Every structure is written in C-alpha cells, then in structure tokens.
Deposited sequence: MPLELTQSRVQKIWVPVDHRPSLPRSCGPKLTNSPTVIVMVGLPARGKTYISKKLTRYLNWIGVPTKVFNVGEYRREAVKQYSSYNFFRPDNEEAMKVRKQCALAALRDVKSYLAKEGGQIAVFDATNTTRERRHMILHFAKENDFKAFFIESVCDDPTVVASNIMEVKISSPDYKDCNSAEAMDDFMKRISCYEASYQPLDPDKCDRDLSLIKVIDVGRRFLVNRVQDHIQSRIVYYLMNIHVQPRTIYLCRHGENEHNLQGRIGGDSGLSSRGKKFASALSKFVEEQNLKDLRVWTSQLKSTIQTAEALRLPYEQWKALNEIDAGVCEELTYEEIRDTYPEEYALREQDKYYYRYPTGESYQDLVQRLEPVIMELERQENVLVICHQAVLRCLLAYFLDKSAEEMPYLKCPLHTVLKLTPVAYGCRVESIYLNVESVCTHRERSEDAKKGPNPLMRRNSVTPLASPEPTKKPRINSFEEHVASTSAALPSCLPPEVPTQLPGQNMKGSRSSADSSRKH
C-alpha cells in the first residue's frame, strides 16, 4: 500500500504506475486572454512583450497576438493614416478580419497548443470590440483580464513615436518628420470612437487594471486569481526610468581551478585580480548610485569586498545545489553516477540533482530577485554560472531549453541597457585569465 517511485529526471515521487493491460492516457485551470486597451503610442506593445517575457520565464506559457502584424501580412505595403480612417469601409473590413484571424490563433494556442495566457495586443478602444472579445472568451471557457494604458501627456506620446514608432516596418520608406506627422493623424483616427474602461458603471464586472500616466496611478477591478494578482504586482514593480544592470560571476575560485562543482571555496589569485579589475571597471562607469548584490557564498562576497561599496547578500543568488554531486569534478560525477550524468546531459533544465536542484528550481528561487531588479535602477549582481544563465534568460527572453547553455564566462561583465524593445547587451571582458567552466550540449 501507498507504493511510490522517484522519477529519474525531476526526482518527483509518483505512485508506482502499474498501468492495466490497456493503458489509458486522460489527455490533456482555465486559460486567460489578456486584452490590451488604449490609443496608439500608449506602451501597449511594450507592456505585452515585457509581461509575456516574465510569464514565460516563471513557467506560464504565454504568447502575444499583435493585430498590426496580421494586418502587415494581409496588406503588402503600408501607405498612410488613410488606411486607419473610420470612413475607410474596405480597410475597416480588413482590420476586423485580421482581429478575427488573431482570435482564431488565440483559440488554437490556448485550446490546442498548451498555451496558458494569450496577450491580445490591439487598441480594443470600443465597447463593441471588447464585447466581441468577451463573447469569444465566454464561448471558449477562457478568462478575460483587461490591461488599459491611459495617458494624455503630449511629451510622452511624441517621445514614444520618436523612440519606437518612426522605426516601425510601416515607416521604412519615410523620414522621421513624415512618419511622426502620419502617426499623429493615425492616433486621431481612434480618438472619436475611443470608450475608456469604466469600472464604476459599464465595466464593473470586468477584471481589469488601468495603468494611468505611465504607472503613476492604477485602477484595479475584480482580480479573480493568482496570475492576475501577480501581473498587478509586476506592473507596480517595473518602471521606465533609465538605468543599467551589470551581471557577472564571482572571480575565479579554488574549486574552478580543480574543476569541482558547488562548494564554498575562496577566490584564486586570478579571481582576486578580477575583483580589482572589477573595481576599476565600476569606478570608470561613473554611476551616481549603484546597488551591489552578492550570494551568501564566499567567492561573490570576496569579489564585492574589492569594490569598497556597500553590498547586500542574497541566499536566493547562491549557486544551484548539486546535492550528492557537490564538491565533485564532472569526471568523478560520470564515474560514480553515470546514469545521473547522462540524464542531466539529456534534460539539463528539468534535471534535478539527487537531494539537489534543477534550473527549474533556480527560476522559482530567483523570482524575488527579478522583482527587486525591476524596482531598482543601477545594480551590479555578482553571482554564479547557473544563477547568471537564469537571470540572463529572463532579460534576453531565452527559453527553458536554451537557458542551461547560455555563455556566461568568468571575469566578464554583462552590461544590460533597457531599450524600448527589451535589453541591449554589451559584454566586457576584464582582461584576467581564468579556467573555462562552459560545457556545450
């Protein structure tokens, strides 16, 4: 009675499955349609992309369905704002068809592809369009959560057009002045029929968040579940202030020299040289304020000590726990635990070390780190190879499959600069020799 077996890869205790003569599968909670609401140049695509990047990283399969991309596919070349005119009978039919084709793909993603969240990235400015999306959600048993971005500041609108609209594939053959003028006219096409969300009377029963004046104020109505609560918390932690994220590993340690994994060894002579090189690098960056974060492991703390700056130790930044394989070389792992070695090589993200962790466990541990990185400005994170790959996968939108193989060499700073599309990444090698700890698939 109560016979369990431990799964080889993830190390999960499951009931011993003595399937009957004819094994039956039972193939396969409710998916969510996130509805973006607002006039053009209100950061809807920015919100869509950032939220999708975060949700995928935490393990919630999410996809953006941008109606404009369906339009660029249906209509070969973009000419002008005249396409967006409310009196343009033909283009209005085309635009509706594009929205319906995107919703068709939303249904296929959530009901047939194992997707959990579909972000419907369009203006959805009219009650009519939103009633149609709600009907689509109710008939398919999907939850609907609305995210509206409201802003009347002309400086914010003009800045968004200059930063990411003029560079749109629609304005390829246009100069900055033509594109800006056309886009202002394009926004005006939407202003007459725009009906903002009204949680007070009309939209009282809808689950929604109103992001007002680029996150200065929020109106939150009827948060139904955990994922909606998490989105609201995320939106309240992110910001659009300029800043830099520097990510690096501790300087080379004694275990690195011996080819040993885990442990709590100190910096080697080269590691100490990197720590000095890092201080000079940090100084040369001339940052008004800089937060320094380390793990609770000696090698990252010794590296931070060389900076002569205040730092904070996070247990969440500690390297992946190798369980029984801690302090062993990869050769000793292959010889003592050959089954374990091969299992990891085959499934590096989900593989859990015996009495240890997986990259999947790392993500769960690092989520508060990500949330705090979002709220901060200039931050230097001194961590470890697996931790760094996980954080980098979040910033660079890398999949779970790619994550355990990201190149994070020793004595190299990864400088992350948030641009309008995601992160610009610059690599800075601090000219101090070390061993190589990267292992390809």
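Walk along the deposited sequence from position 1 and note every stretch that has no C-alpha coordinates. Since the structure holds only modelled residues, the stretches it omits are 1, 30-32, 446-520.
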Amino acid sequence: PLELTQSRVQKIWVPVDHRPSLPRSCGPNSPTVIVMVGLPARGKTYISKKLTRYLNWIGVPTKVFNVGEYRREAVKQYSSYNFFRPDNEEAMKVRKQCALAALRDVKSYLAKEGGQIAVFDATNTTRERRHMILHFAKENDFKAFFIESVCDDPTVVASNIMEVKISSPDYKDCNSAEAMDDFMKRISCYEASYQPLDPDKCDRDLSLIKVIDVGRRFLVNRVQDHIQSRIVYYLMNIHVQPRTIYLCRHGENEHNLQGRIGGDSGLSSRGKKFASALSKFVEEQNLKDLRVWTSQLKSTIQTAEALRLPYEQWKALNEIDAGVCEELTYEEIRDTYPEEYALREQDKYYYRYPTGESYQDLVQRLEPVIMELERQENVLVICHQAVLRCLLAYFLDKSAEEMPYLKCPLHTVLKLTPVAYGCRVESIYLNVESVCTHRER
From here on, numbers count along this sequence of modelled residues.
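Only the largest set of C-alpha atoms that superpose within 1.5 Å between the two forms is called the rigid core.
In 8 other deposited structures of this protein, superposed by the rigid core, which stretch departs further from the shown form in CA positions, 234-242 or 204-212? With the rigid core superposed, the C-alphas that lie farther in 8 other deposited structures of this protein are those of 234-242.
Which of 75-83 and 97-105 strays further in 8 other deposited structures of this protein - Cα RMS after rigid core alignment: The more displaced stretch in 8 other deposited structures of this protein turns out to be 75-83.
Please report whether at least a third of the other compared entries leave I58 without coordinates. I58: modelled in every other compared entry.
Quick one: across the other PDB entries of this protein we compared, is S25 left without coordinates in at least a third of them? It is, since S25 is left out of at least a third of the other entries that model both flanking stretches.
Of 66-74 and 53-61, the stretch whose C-alpha atoms average the higher B-factor in the entry: Here the higher of the two C-alpha B-factor means belongs to 66-74.
Determine, for stretches 160-168 and 121-129, which one has the higher mean CA B-factor as deposited. Higher of the two, by average CA B-factor, is 160-168.
Of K288, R222, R352, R216, which one's C-alpha B factor is largest in the deposited record? Reading the PDB entry, the winner on C-alpha B-factor is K288.
For the listed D182, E305, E319, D361, which has the peak Cα B-factor recorded in the PDB entry? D182 has the highest C-alpha B-factor of those listed.
With respect to C-alpha B-factor, does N431 fall in the lowest, middle or highest third of the chain as deposited? Ranked within chain, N431 CA B lands in the middle tercile.
Ranked by Cα temperature factor within the chain, is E284 in the lowest third, the middle third or the highest third? Highest third, going by the recorded CA B-factors of the chain.
By its CA B factor, does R260 count among the lowest, middle or highest third of the modelled residues in the chain? Middle third, going by the recorded CA B-factors of the chain.
Lowest, middle or highest third: where is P199 by C-alpha B factor in its chain? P199: CA B-factor falls in the highest third of its chain.
Splitting the chain's C-alpha B-factors into thirds, which one does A111 fall into? Tercile = middle for this residue's CA B-factor.
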